[PDB]
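This report concerns only the one structure given below.
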Number of protein chains: 2
Amino acid sequence: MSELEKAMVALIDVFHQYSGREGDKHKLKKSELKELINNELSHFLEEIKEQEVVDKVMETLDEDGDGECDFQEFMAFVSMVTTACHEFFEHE
Amino acid sequence: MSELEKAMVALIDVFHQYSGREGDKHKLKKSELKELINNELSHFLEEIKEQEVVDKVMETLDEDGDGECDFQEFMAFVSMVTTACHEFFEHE
């Protein structure tokens with residue numbers, strides 16, 4: 001019944017879901033990760049002030065596009081992008 | 001209407017709330033951060049296999065206990081701890 005719990009804990013669910021799709025149940029794919037952000041989230045993205053944060057995770061993302069991601073990797077990857085844009089509390 | 005959106009985006013809300021408590025509205029406090037994790041989350045914690053992940057963020061947390069945290073800092077800090085415990089998809 002809290003914010004970080006229902007929300008943060010909900011993230012742990014996405015991995016059990018998206019990753020629970022195919023046989024694997026503890027490893028994602030650089031493509032399902034880049035898609036996880038530009039698909040599930042993709043909404044408050046406008047100019048992206050942290051071009052280095054999104055270009056850093058998006059770079060390693062398009063750099064391999066041939067391996068799989070982990071749970072701590074797709075986790076620290078979804079947070080950096082959700083914090084890239086400077087305006088995150090102002091949606092007028 | 002997605003998992004990463006309602007969840008991940010919900011996190012951006014916690015900062016606008018917990019931090020929106022006092023005058024500041026874009027900076028948390030090492031104490032409200034450590035409390036943000038052990039207060040809002042605190043639930044699926046059992047043995048914590050990543051004693052280094054929780055001891056790493058919990059160390060810098062109890063190391064300063066005198067400054068304030070940012071939004072990308074409290075963000076990458078809440079993800080590392082929610083991924084510290086190895087068992088995150090098995091709650092029997």
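By order in the structure tokens, chains are A, B, ...; within a chain, residues start at 1; ligands start at 1, following the order shown.
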
Quiz item: Near chain B, which residues of chain A fall within 7 Å when you count only C-alpha atoms, and what do they look like as a count of residues only?
Solution: 21

Practice problem: Would you please extract all alpha helix (DSSP H) residues from chain B, as assigned by DSSP on the backbone, and give them as JSON, numbers by chain? | Solution: {"B": [3, 4, 10, 11, 12, 13, 14, 30, 31, 32, 33, 34, 35, 51, 52, 53, 54, 55, 56, 57, 58, 59, 60, 61, 62, 63, 64, 71, 72, 73, 74, 75, 76, 77, 78, 79, 80, 81, 82]}

Next, the residues of the selection above should be written as a short mmCIF file (atom, residue, chain, number, x, y, z; two decimals), in the first residue's frame with N, CA and C atoms.
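The new file selection.cif reads:
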```cif
data_model
loop_
_atom_site.label_atom_id
_atom_site.label_comp_id
_atom_site.auth_asym_id
_atom_site.auth_seq_id
_atom_site.Cartn_x
_atom_site.Cartn_y
_atom_site.Cartn_z
N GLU B 3 2.96 -1.97 -18.07
CA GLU B 3 3.61 -2.29 -16.76
C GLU B 3 4.71 -1.27 -16.45
N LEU B 4 5.69 -1.16 -17.31
CA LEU B 4 6.81 -0.21 -17.05
C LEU B 4 6.29 1.23 -16.93
N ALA B 10 5.35 5.68 -12.06
CA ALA B 10 4.89 5.92 -10.66
C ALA B 10 6.09 6.34 -9.81
N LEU B 11 7.25 5.79 -10.08
CA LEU B 11 8.45 6.17 -9.29
C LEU B 11 8.68 7.68 -9.43
N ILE B 12 8.68 8.17 -10.64
CA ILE B 12 8.88 9.64 -10.84
C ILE B 12 7.91 10.39 -9.93
N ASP B 13 6.80 9.78 -9.61
CA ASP B 13 5.80 10.44 -8.73
C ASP B 13 6.32 10.49 -7.30
N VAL B 14 6.86 9.40 -6.82
CA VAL B 14 7.39 9.38 -5.43
C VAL B 14 8.31 10.58 -5.21
N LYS B 30 19.60 11.85 2.12
CA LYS B 30 20.13 10.47 2.35
C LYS B 30 19.26 9.72 3.36
N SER B 31 18.65 10.41 4.28
CA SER B 31 17.80 9.71 5.29
C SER B 31 16.43 9.38 4.70
N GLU B 32 15.86 10.27 3.94
CA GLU B 32 14.54 9.99 3.33
C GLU B 32 14.72 8.97 2.21
N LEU B 33 15.93 8.80 1.75
CA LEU B 33 16.19 7.80 0.68
C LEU B 33 16.29 6.43 1.33
N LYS B 34 17.16 6.29 2.29
CA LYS B 34 17.29 5.00 3.00
C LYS B 34 15.91 4.62 3.54
N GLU B 35 15.18 5.61 3.97
CA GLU B 35 13.81 5.36 4.51
C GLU B 35 12.88 5.04 3.34
N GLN B 51 24.68 -8.86 -0.87
CA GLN B 51 25.09 -8.07 0.32
C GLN B 51 25.96 -6.90 -0.14
N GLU B 52 26.55 -7.00 -1.30
CA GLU B 52 27.42 -5.90 -1.81
C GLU B 52 26.54 -4.80 -2.40
N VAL B 53 25.46 -5.16 -3.04
CA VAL B 53 24.57 -4.13 -3.64
C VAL B 53 23.88 -3.34 -2.53
N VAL B 54 23.28 -4.02 -1.59
CA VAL B 54 22.59 -3.30 -0.49
C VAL B 54 23.63 -2.70 0.46
N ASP B 55 24.77 -3.32 0.59
CA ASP B 55 25.81 -2.76 1.49
C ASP B 55 26.54 -1.63 0.77
N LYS B 56 26.43 -1.59 -0.54
CA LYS B 56 27.11 -0.51 -1.30
C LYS B 56 26.26 0.76 -1.24
N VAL B 57 24.99 0.66 -1.52
CA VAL B 57 24.12 1.86 -1.47
C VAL B 57 23.82 2.18 -0.01
N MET B 58 23.67 1.17 0.79
CA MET B 58 23.40 1.39 2.24
C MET B 58 24.66 1.94 2.90
N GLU B 59 25.80 1.66 2.33
CA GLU B 59 27.07 2.18 2.92
C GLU B 59 27.16 3.68 2.64
N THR B 60 27.07 4.07 1.39
CA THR B 60 27.14 5.53 1.07
C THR B 60 25.97 6.22 1.77
N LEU B 61 24.91 5.49 2.00
CA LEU B 61 23.73 6.08 2.69
C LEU B 61 24.11 6.43 4.13
N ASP B 62 24.63 5.48 4.85
CA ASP B 62 25.04 5.73 6.27
C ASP B 62 26.40 6.42 6.30
N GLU B 63 27.01 6.61 5.16
CA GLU B 63 28.35 7.27 5.13
C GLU B 63 28.19 8.78 5.24
N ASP B 64 27.24 9.34 4.54
CA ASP B 64 27.04 10.81 4.61
C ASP B 64 25.97 11.14 5.65
N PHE B 71 17.77 13.06 -8.11
CA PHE B 71 16.67 12.22 -8.66
C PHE B 71 17.27 11.02 -9.40
N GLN B 72 18.41 11.20 -10.02
CA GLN B 72 19.06 10.06 -10.73
C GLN B 72 19.78 9.21 -9.70
N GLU B 73 20.13 9.80 -8.59
CA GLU B 73 20.84 9.04 -7.52
C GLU B 73 19.82 8.19 -6.76
N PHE B 74 18.78 8.79 -6.25
CA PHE B 74 17.76 8.01 -5.52
C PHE B 74 17.09 7.03 -6.50
N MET B 75 17.21 7.30 -7.77
CA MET B 75 16.60 6.40 -8.79
C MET B 75 17.47 5.16 -8.97
N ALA B 76 18.74 5.35 -9.22
CA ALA B 76 19.64 4.18 -9.40
C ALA B 76 19.83 3.49 -8.05
N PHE B 77 19.52 4.17 -6.98
CA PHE B 77 19.68 3.57 -5.63
C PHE B 77 18.49 2.65 -5.33
N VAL B 78 17.31 3.05 -5.72
CA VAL B 78 16.10 2.20 -5.46
C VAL B 78 16.12 0.96 -6.35
N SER B 79 16.74 1.04 -7.49
CA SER B 79 16.77 -0.14 -8.41
C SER B 79 17.79 -1.17 -7.92
N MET B 80 18.96 -0.74 -7.53
CA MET B 80 19.99 -1.70 -7.06
C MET B 80 19.46 -2.53 -5.88
N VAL B 81 18.82 -1.90 -4.94
CA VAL B 81 18.31 -2.65 -3.75
C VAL B 81 17.14 -3.55 -4.15
N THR B 82 16.26 -3.09 -5.00
CA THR B 82 15.11 -3.95 -5.41
C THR B 82 15.63 -5.13 -6.23
#
```

Quiz item: Got a sec: who's within 6 Å of residue 28 in chain B, counting only C-alpha atoms, leaving out chain neighbours fewer than 2 positions off, as an NGL selection string?
Solution: :B and (19 or 68-69)
